[PDB]
Asks: 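Take a look at the following structure, please.
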Amino acid sequence: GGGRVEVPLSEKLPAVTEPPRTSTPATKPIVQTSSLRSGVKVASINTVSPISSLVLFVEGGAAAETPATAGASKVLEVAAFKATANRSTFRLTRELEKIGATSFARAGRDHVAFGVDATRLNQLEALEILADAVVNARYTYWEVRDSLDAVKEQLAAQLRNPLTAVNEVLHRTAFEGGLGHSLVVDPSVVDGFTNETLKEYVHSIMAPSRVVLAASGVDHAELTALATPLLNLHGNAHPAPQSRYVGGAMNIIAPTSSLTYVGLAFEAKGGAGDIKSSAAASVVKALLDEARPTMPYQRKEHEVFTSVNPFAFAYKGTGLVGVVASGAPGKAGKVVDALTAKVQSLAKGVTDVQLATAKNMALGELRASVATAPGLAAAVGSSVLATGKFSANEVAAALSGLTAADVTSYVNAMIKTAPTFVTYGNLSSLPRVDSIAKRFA
Amino acid sequence: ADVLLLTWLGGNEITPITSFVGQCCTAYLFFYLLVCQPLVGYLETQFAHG
Amino acid sequence: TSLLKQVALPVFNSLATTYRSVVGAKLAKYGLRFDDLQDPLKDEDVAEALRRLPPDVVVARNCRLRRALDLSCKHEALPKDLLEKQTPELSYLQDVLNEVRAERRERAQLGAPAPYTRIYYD
Amino acid sequence: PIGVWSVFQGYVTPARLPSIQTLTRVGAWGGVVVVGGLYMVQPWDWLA
Amino acid sequence: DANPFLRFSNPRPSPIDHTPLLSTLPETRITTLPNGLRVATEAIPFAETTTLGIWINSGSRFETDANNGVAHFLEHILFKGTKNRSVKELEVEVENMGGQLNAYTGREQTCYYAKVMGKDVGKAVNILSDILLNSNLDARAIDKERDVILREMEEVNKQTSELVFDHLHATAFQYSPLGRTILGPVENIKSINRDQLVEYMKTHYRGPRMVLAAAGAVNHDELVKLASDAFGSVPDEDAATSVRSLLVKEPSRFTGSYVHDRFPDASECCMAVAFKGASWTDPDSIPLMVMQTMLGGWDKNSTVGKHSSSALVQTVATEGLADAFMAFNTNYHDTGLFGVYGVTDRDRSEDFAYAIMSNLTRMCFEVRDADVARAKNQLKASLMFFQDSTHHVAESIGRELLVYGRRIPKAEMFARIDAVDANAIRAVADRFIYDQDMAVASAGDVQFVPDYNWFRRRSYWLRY
Amino acid sequence: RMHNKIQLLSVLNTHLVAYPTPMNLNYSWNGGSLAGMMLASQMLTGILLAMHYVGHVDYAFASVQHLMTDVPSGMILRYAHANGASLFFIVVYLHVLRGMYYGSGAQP
Amino acid sequence: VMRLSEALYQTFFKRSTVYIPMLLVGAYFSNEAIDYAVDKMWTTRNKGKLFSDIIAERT
Amino acid sequence: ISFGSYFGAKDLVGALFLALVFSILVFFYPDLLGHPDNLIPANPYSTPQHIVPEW
Amino acid sequence: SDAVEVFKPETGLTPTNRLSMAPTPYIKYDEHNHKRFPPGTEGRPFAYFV
Amino acid sequence: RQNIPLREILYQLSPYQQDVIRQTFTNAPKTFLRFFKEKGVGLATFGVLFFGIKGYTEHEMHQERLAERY
Ligand code: HEC
Ligand code: HEC
Ligand SMILES: COC1=C(OC)C(=O)C(C/C=C(\C)CC/C=C(\C)CC/C=C(\C)CC/C=C(/C)CCC=C(C)C)=C(C)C1=O
Ligand SMILES: [Zn+2]
């Protein structure tokens, strides 16, 4: 028979505290970074968590796509962690499921990320599986052909949300170059896709100076010493189509959209490279948070709006801070007027309580992004890929050291720059486009 | 040929030479049905598509 | 017996080459390849490996099969100009089928069955 | 390709074979047919 | 063979010793106030965020027929204004501490909690005590929420899985308190008022049934002082009206039964089959956790389902029997539920049902050791993933003090998991599954779901 | 179609009229239909024979002789039924040898 | 209300290979009892008329 | 190809060959494949010299 | 997924919609042919013995 | 019925625009010789084995009858 001691009772003398308590480190751990002799940068941060997260960041995404290889990042999200030169798909799946580890492939607009999350006792297995699935991937014909269907329903489901479509068209209108390409493409774009297209895209994006290995809860010396023979990469840097902000306006026609969506955006100058400008953009995003759901079942009523959803994206060298607001189909001009009034009242000055509230909201978001080990590893990897360092302490200091005059100056400089304007839905009521982009001038 | 020989032998009388030949024919019938068909067939598959 | 087995390996190669030459001479009169003899209804590993091929290869295989069946119905052979171009030992199915069989061997050592069944028509 | 072809290819491992418990549960059907035959014939006290 | 790419890792499932992970896991401190309220903290050494809240051993089970739905209506009302703070005052003060309040109401458990930063522990304690003790419960807000609930009831605005599970609880626990829904019927909402809410909170929200659990960046002594200042005025509990006396007075009953909710033009076919499982205090609940890991779960957005370790996941993914499914293991104070829930359509519903029944009965006879070692490793890894988020740490602290009576240490939990072997799995499956009555619930396009006799016949094998 | 309205005509059409068959079958694929024809012939001749045969000792030999010399067309019926067993076995044996030659019993 | 015992279930009912020989011995004894009852009733009713009654009478 | 058109006449040809052999066996050599001893009435006390079955 | 988009029910407080949104634990079966046992009656059934 | 991907052009002629039995008299010796060339080895193997073993058995039977002959 099995154990019969009930869980309200303590387990018997075969329940030992044989591992002693290890003493805590004296200070909060710092991020330690170096570079391999192949040129791949390795950055890691130690944690007290029992979960180690390993993520591999490669420059690419929608910004590295061509018209021939259109939608290759979305296919790479599904086709990753399959048969390699050393393991089959069955062997990799069983080796991940044996240690209880999880894998993801995640494609941004300027990068693709591959990651394995496991416990602290299986970090060598996770590192070896991740490196083998990234470096030595095969991308066989039949597996890509069978994955294309699931890619098509995942894109079709992701395009059901109007905010995703508005974000795509807004990035198209705001930028010319790499950042204007479409991430969530139409399903019919990848109808002629083959494994040669994915192999061509992977050969373009892969280079030793465009790959960053980020780890959370892993010793740095051990990680470099055991990843030197695994991340010895070769290849040439395919040219990157640098993007520029130009602004403009566009439209979308949706036949059975029960609402109408309006997007307004500006450029965050400096991109992710400038700490202060990104902090000010995050504060502006929090200042535009009209209906934040801080409590269950709370009903904040607006006169015109149905939903408000701001954002602040910080790419390399340039950014895009703005707001998307919904509304009734017959009240779209009122939605535009209210959005312009909100940005103009922000430019008229912020009043102490709002500044403190938005600073606390930005600090809470920044600290809750890095609370878990996979989130911290992703943040370290993205920051090192975009800049060369992780500066969360400096970002928190910039958020806390922000005055109302600096924010008012930031919004004043924003409204002088030409904006980006996108509509959506069965558009049967709209003010003319010339008067749309006049209220900030 | 083995099966037709067994058909011919059944209409004869019992004789030591016919007993010996019938025993050899029965042994070869079992040998073909149980040894030639799996093993020679596997060798043919290894020759053709191996 | 390993020393006699080492002597039997060039013997195995010699009998394999002689068999392949004779059968390929018999095969080329119908335009068939060696890989065209494998039947999906007979073997589920072949049925799965044929599913992993690009469609032009399957079209070419089906055309060769129909040509050979027409020749068999006519009790004829290929013309000599066409018969001189035949290459019955050109492989299109061997690597795919080998990888399918290796996958089925690797799954069986851990207790897993094959992820494909026999073909049923009912 | 069901039968000797399965064992020539290496598809019959120590795994995918029936366990000892499975063979014992199948092997317990040997007594059922013996008891059924003895019930049908009834050769009482016939054991030598 | 690659030298660096083929070491350290292999697909052969072997038991892993998780003992060195116990050296750095933090400790839980519990302090019992004279009120009877327990204050339990778990300090993570370099955390910047804090989850803290109040867990209550109450819910829809401890209601009556007359006030069924009061506990769910309470989380609609409680955040709409207190006697010291208005709606806007509460909104501004919560916004300034950078967090969000949240609430869950189960059949037997209720929590109200806050995810804040470490500098806002005392403010969160004060706010949580303010909603919990000094609420307005205004009749105008009650009328303003009654009509919204009545509209979403008239529209049948519900998740499909929640619909199926509510039908399953209603038919498996007939004529017992666990068969009621958390939402309650339409008539109780149509005749709700402030008096019932006051009486429910006065009866059930007492000292020995309430845990203040905080995890992340928090000091134990300061939380003790803050809780004694704020939550020190809660009434104590009579001995005659404790949780155990209420459990004895109205016990749970399991009845083998069948229900389907048929719709004329639906597309999906959701179905759940459950057996009577174990209570929280049964020592067989750990093998049921291992068996639930062995059955696993799968949805069709994954493409590696054919290489799964689980045989049920392999069968469903290879033959395409369901769009998604999951095995569940629900535990209550004196009973439980164990089974599989899935989503399919009407042409694959019988084959999915057969796959569920055949994989459940198979665990009584043939269980190999590799599957058990794999499931033990996966369950221990899943337990280590919950330690990464302070919200899950606080939730586990509250749940474990409410339902076990104590904080089970991680070493004891690993030792209790490691004591499970294949014979234990066969014994527990024989106890709970083999030749037993089950409960069947379905909703949607369910005209081809087999009836109860088909499900009852397939709980045993005639060939052994 | 007329065969699509009566279920007997649908089965007969599907399995005897429109059934797809390989076009390169030679004359060694006629063993089965010949075996079926011989089975039907044996059944017919025997059912006719059993109307003049008496299954008792001291009547069986005399009933076969009365069948041979006195029943109209009885000698034809007896000799046909006797040699039809031989031809039935010839055809079935050649059928089995065909299946042995071509490996016709293999999967599926 | 009335319910089969668990310990008696685990012995003679859970496996078919144990259930079937028990079924056969119960069938044997049921046939013996039915034979005994029918023969006793027939011999009691028709006493003095059978052949064995005349033979035992002539002893 | 369809069975009922193409393989009906092909079966009819072989059936006509079989009917020719059958007619030869019935009408010209009716006792060729048999045994002459089966034209003797059965005697349980006297056995024939050679006891062989049909071919 | 939502039941309004998947099951697509009619709107209203019909008898089927009331049980769909909140099923009752007081299920009444028909008892003209068979009277039920008390709910939660445990034990292996007596019908095996019969 | 199955779907077979295939690229071809098929030509068929009417049965009444062709001769029925007039190339049989021309192809008859070639068909005979091709049949015996294709199946020559197996028929020879069967005949040699059957008739040689039958002749050896018959000769030994005659010898054994002569050995007991007075
Ligand atoms: C021991 C084996 C065996 C015996 C005896 C046998 N068959 Fe066949 N039969 C087969 C096989 C195998 C096939 C499939 C041949 C193929 O498609 O290659 C077949 C095919 C057939 C066909 C399709 C046409 C053909 O000839 O290929 C018919 C009709 C047929 N059998 C009828 C019969 C009848 C009627 C009998 C007896 C009265 C019989 N068979 C006896 C094995 C046998
Ligand atoms: C596979 C072979 C076979 C089949 C099928 C068959 N028989 Fe015959 N039957 C024989 C043989 C051989 C004899 C012996 C004939 C003889 O030597 O006179 C015989 C003899 C008989 C006799 C005795 C009279 C006589 O002349 O010998 C009768 C009556 C008879 N069969 C009836 C039937 C009937 C009725 C059927 C079918 C419904 C049938 N047979 C089918 C082989 C067969
Ligand atoms: C490889 O391709 C194939 C062949 O090879 C070209 C075949 O040959 C056949 C099968 C051939 C068939 C079915 C026709 C042969 C005849 C048979 C089996 C039966 C013989 C019956 C006859 C002559 C008439 C019987 C008459 C009566 C009245 C009996 C019925 C009784 C009643 C209605 C009461 C098939 C399926 C085939 O696929
Ligand atoms: Zn509710």
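By convention in this document, chain letters (A, B, ...) are assigned in the order of the sequence lines, proteins followed by strands, and residues within each chain are numbered from 1. In what follows, every heavy atom counts, from backbone to side chain, and hydrogens, waters and symmetry copies are set aside.
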Asks: Parallel under 30°, tilted from 30 to 60°, perpendicular over 60°: which one fits the rings of A:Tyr297 and E:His76?
Replies: parallel
Asks: Between E:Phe79 and A:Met295, which heavy-atom pair has the shortest distance, and what is it?
Replies: O-SD, 4.0 Å
Asks: Do you know the tightest heavy-atom contact between E:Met384 and A:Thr119?
Replies: CB-CG2, 4.3 Å
Asks: Can you name the one residue among A:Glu95, A:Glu128, A:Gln123 that meets side chain to side chain contact (heavy atoms under 4.5 Å, CB included) with E:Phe8?
Replies: A:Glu128
Asks: Can you tell me if A:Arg21 uses its side chain to pair, donor with acceptor, with the backbone of E:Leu25 under 3.5 Å?
Replies: yes
Asks: Classify the side-chain pair A:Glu97/E:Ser309 by whether it contains a donor and acceptor separated by less than 3.5 Å.
Replies: yes
Asks: Less than 4.0 Å between a side-chain N and a carboxylate O, is that true for A:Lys359 and E:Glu95?
Replies: no
Asks: Compute whether any side-chain donor of one residue and acceptor of the other, for A:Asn360 and E:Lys119, lie under 3.5 angstrom apart.
Replies: yes
Asks: Distance-only, no hydrogens or angles: does the E:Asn377 side chain make a donor-acceptor pair with backbone N or O of A:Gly100 under 3.5 Å?
Replies: no
Asks: Which atoms of A:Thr17 come close to chain E, meaning under 4.5 Å heavy atom to heavy atom: side chain ones, backbone ones, both, or neither?
Replies: neither
Asks: Mark yes or no for whether A:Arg87, through its side chain, and E:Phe5, through its backbone, hold a donor-acceptor pair below 3.5 Å.
Replies: yes
Asks: If we ignore hydrogens and angles and just use 3.5 Å, is the side chain of A:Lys98 paired with the main-chain N or O of E:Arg374 as donor and acceptor?
Replies: no
Asks: Which atoms of E:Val94 come close to chain A, meaning under 4.5 Å heavy atom to heavy atom: side chain ones, backbone ones, both, or neither?
Replies: side chain
Asks: Closest heavy-atom contact between A:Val7 and E:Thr281?
Replies: CG2-CA, 3.6 Å
Asks: I'd like to know if the side chain of E:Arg406 and the backbone of A:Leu9 have a donor-acceptor N/O pair within less than 3.5 Å.
Replies: yes
Asks: Check whether any side-chain N or O of A:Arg94 sits under 3.5 Å from a backbone N or O of E:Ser308 as a donor-acceptor pair, and report yes or no.
Replies: yes
Asks: Salt bridge between A:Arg299 and E:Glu145, side-chain N to carboxylate O under 4.0 Å?
Replies: yes
Asks: Step by step, would you call A:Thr294 with E:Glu91 a side chain to side chain contact (heavy atoms under 4.5 Å, CB included)?
Replies: CA-CA 8 Å; A:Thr294 68; E:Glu91 180 75 18; 3.3 Å; yes
Asks: What are the two closest heavy atoms between E:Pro4 and A:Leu230, and how far apart are they?
Replies: O-CD2, 3.3 Å
Asks: Mind listing the closest non-hydrogen atom pair of E:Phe385 and A:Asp117 along with its distance?
Replies: CZ-O, 3.8 Å
Asks: Using heavy-atom distances under 4.5 Å, tell me whether E:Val428 contacts chain A through its side chain, its backbone, both, or neither.
Replies: neither
Asks: Measure distances from E:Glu400 to the heavy atoms of chain A and classify the residue's part below 4.5 Å as side chain, backbone, both or neither.
Replies: neither
Asks: Taking atom CE of A:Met361 and atom CE of E:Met97, what is their separation to the nearest 0.5 Å?
Replies: 13.0 Å
